[PDB]
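Trainee: Structure file entry.cif, mmCIF, C-alpha atoms and all ligand atoms; chains and numbers go by the auth columns, is pasted below:
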data_protein
loop_
_atom_site.group_PDB
_atom_site.id
_atom_site.type_symbol
_atom_site.label_atom_id
_atom_site.label_comp_id
_atom_site.label_asym_id
_atom_site.label_seq_id
_atom_site.Cartn_x
_atom_site.Cartn_y
_atom_site.Cartn_z
_atom_site.B_iso_or_equiv
_atom_site.auth_seq_id
_atom_site.auth_asym_id
ATOM 1 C CA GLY A 1 -38.602 25.570 -94.448 0.00 1 A
ATOM 2 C CA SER A 2 -39.406 24.684 -90.789 0.00 2 A
ATOM 3 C CA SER A 3 -37.110 22.369 -88.709 0.00 3 A
ATOM 4 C CA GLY A 4 -40.112 20.451 -87.185 0.00 4 A
ATOM 5 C CA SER A 5 -43.809 20.568 -86.081 0.00 5 A
ATOM 6 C CA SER A 6 -45.632 21.305 -82.755 0.00 6 A
ATOM 7 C CA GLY A 7 -49.196 21.491 -81.297 0.00 7 A
ATOM 8 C CA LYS A 8 -51.058 19.838 -78.352 0.00 8 A
ATOM 9 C CA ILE A 9 -48.603 18.016 -76.002 0.00 9 A
ATOM 10 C CA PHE A 10 -48.559 15.225 -73.358 0.00 10 A
ATOM 11 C CA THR A 11 -46.843 15.764 -69.930 0.00 11 A
ATOM 12 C CA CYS A 12 -45.212 13.258 -67.527 0.00 12 A
ATOM 13 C CA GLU A 13 -46.773 13.439 -64.019 0.00 13 A
ATOM 14 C CA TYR A 14 -43.474 12.076 -62.526 0.00 14 A
ATOM 15 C CA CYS A 15 -40.710 14.291 -64.125 0.00 15 A
ATOM 16 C CA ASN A 16 -42.724 16.998 -66.078 0.00 16 A
ATOM 17 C CA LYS A 17 -41.189 16.022 -69.501 0.00 17 A
ATOM 18 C CA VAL A 18 -43.411 16.856 -72.539 0.00 18 A
ATOM 19 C CA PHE A 19 -44.066 14.798 -75.717 0.00 19 A
ATOM 20 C CA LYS A 20 -45.861 15.383 -79.082 0.00 20 A
ATOM 21 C CA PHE A 21 -47.916 12.116 -79.054 0.00 21 A
ATOM 22 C CA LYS A 22 -49.751 10.074 -76.344 0.00 22 A
ATOM 23 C CA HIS A 23 -47.935 6.754 -77.038 0.00 23 A
ATOM 24 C CA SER A 24 -44.547 8.555 -76.596 0.00 24 A
ATOM 25 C CA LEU A 25 -45.478 9.571 -73.021 0.00 25 A
ATOM 26 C CA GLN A 26 -47.190 6.209 -72.165 0.00 26 A
ATOM 27 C CA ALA A 27 -43.974 4.313 -73.091 0.00 27 A
ATOM 28 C CA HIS A 28 -41.830 6.800 -71.068 0.00 28 A
ATOM 29 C CA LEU A 29 -43.977 5.990 -67.937 0.00 29 A
ATOM 30 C CA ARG A 30 -42.375 2.466 -67.858 0.00 30 A
ATOM 31 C CA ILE A 31 -39.242 4.027 -66.190 0.00 31 A
ATOM 32 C CA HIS A 32 -41.454 5.519 -63.388 0.00 32 A
ATOM 33 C CA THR A 33 -44.002 2.624 -62.900 0.00 33 A
ATOM 34 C CA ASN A 34 -44.290 -1.220 -63.142 0.00 34 A
ATOM 35 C CA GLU A 35 -46.912 -3.944 -63.959 0.00 35 A
ATOM 36 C CA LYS A 36 -47.503 -7.656 -62.984 0.00 36 A
HETATM 37 ZN ZN ZN B . -41.186 11.104 -66.741 0.00 101 B
#
Taking this structure as input, can you express it in the form of structure tokens?
Ligand SMILES: [Zn+2]
Mentor:
Amino acid sequence: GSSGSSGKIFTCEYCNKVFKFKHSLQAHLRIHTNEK
């Protein structure tokens, strides 16, 4: 049996790291950007 699953990915515009789901990237952006 397979060790995991892959498909369409989501890429960080700041460090070029890739993720499997949109919310995984959007939460990673909080190290690169801020909000007030
Ligand atoms: Zn990043």
Trainee: Would you list the residues that come within 12 Å of ligand ZN 101 (chain B)? Count all atoms listed in the file and give the answer as a PyMOL selection string.
Mentor: chain A and resi 10-19+24-33
Trainee: Could you give me the axis-aligned bounding box of stretch 6-21 of chain A, with 8 Å of padding per side, as centre plus edge lengths in Å to one decimal, as lines of an AutoDock Vina configuration file?
Mentor:
center_x = -45.9
center_y = 16.8
center_z = -72.6
size_x = 26.3
size_y = 25.4
size_z = 36.2
Trainee: Specify as a list in words each residue included when the PyMOL selection byres (((chain A and resi 1-5) around 12) and not hetatm) is applied to this file.
Mentor: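 Selected by the PyMOL selection byres (((chain A and resi 1-5) around 12) and not hetatm) here: residues 6, 7, 8, 9, 19, 20 and 21 of chain A.
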